[PDB]
Every structure is written in C-alpha cells, then in structure tokens.
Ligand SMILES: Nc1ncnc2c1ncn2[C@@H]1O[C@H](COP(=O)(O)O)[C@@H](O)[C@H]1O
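Shown here is one chain on its own, the form solved without the named molecule, set out as structure tokens.
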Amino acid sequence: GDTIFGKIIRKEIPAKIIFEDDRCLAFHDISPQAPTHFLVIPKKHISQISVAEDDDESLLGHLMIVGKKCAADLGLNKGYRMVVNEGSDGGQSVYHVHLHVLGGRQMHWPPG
C-alpha cells in the first residue's frame, strides 16, 4: 500500500483495469513497451518475489493463469512474454510483486 500499486489496488488513482478478483488485479501498464503491455499483481503486499512465502505459491501461479487468460481476451494470439523483475539487476521498478505481460510485436532475445 506504500507503493503506487497499492494506490491502484485501493482505487485511489486511475488505472485501466482489465480484470479483478478477490486476490489479484490486472491493468494496463502506464509506460507500455509493446502494443499490449499489462501487469498482473496480487492484492497481498509481497514486496518482491525473493521474499515470497511457500504458502504464496498458488497465488503466484494464479497471477500467471490470470495473465494468460487476459492475454487471450486481449487477442494476443501470436503469443507474448511474461516477466517478473527482482532487485536492481532485475530492473524491478516497484516493490510490489508484479507480472508483466507483453505482446502485439515480436519479442527479441536476449530479454534485456
């Protein structure tokens, strides 16, 4: 909640929401790196994947299932890339765990 993603979860700032349930939220990224670029985040404040608990595994998996269902609904039928960044080397921009989903163009290698 002490992050901008917490404000988004609490509906305190605008975000174009794609999907919500009781435990996660998917919304378009404000700084998109592909024609389609959205985030899937848990409502629980996990600061970074490195500190996720064992009992968070189903929740983390849920982010990926939601992400792939959202990608399908957004029409990403030629594919996409999912990304989780950790720490400074990973380029983690917000210390609230987030899954990026990017598509609508060819993604290149290496992935940064």
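Quick note: we count residues from 1 along the sequence shown, nothing fancier.
A second form of this protein, the form solved in complex with the named molecule, is not displayed here; the remarks below concern that form.
Clashes are found between the named molecule, overlaid from its position in the deposited complex, and the backbone or C-beta atoms here, as 3 or more atoms lie within 2.4 Å; the site counts as blocked. Residue contact check for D56: none of its heavy atoms lie within 4.5 Å of the named molecule in the deposited complex.
The closest heavy atom approach of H28 to the named molecule in the deposited complex falls within 4.5 Å.
Although the partner is absent here, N85 is a contact residue: one of its heavy atoms lies within 4.5 angstroms of the named molecule in the deposited complex. Using a 4.5 angstroms threshold between heavy atoms, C70 stays clear of the named molecule in the deposited complex. Residues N85, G91, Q92, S93, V94, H98, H100 of 73-105 are found to place at least one heavy atom within 4.5 Å of the named molecule in the deposited complex.
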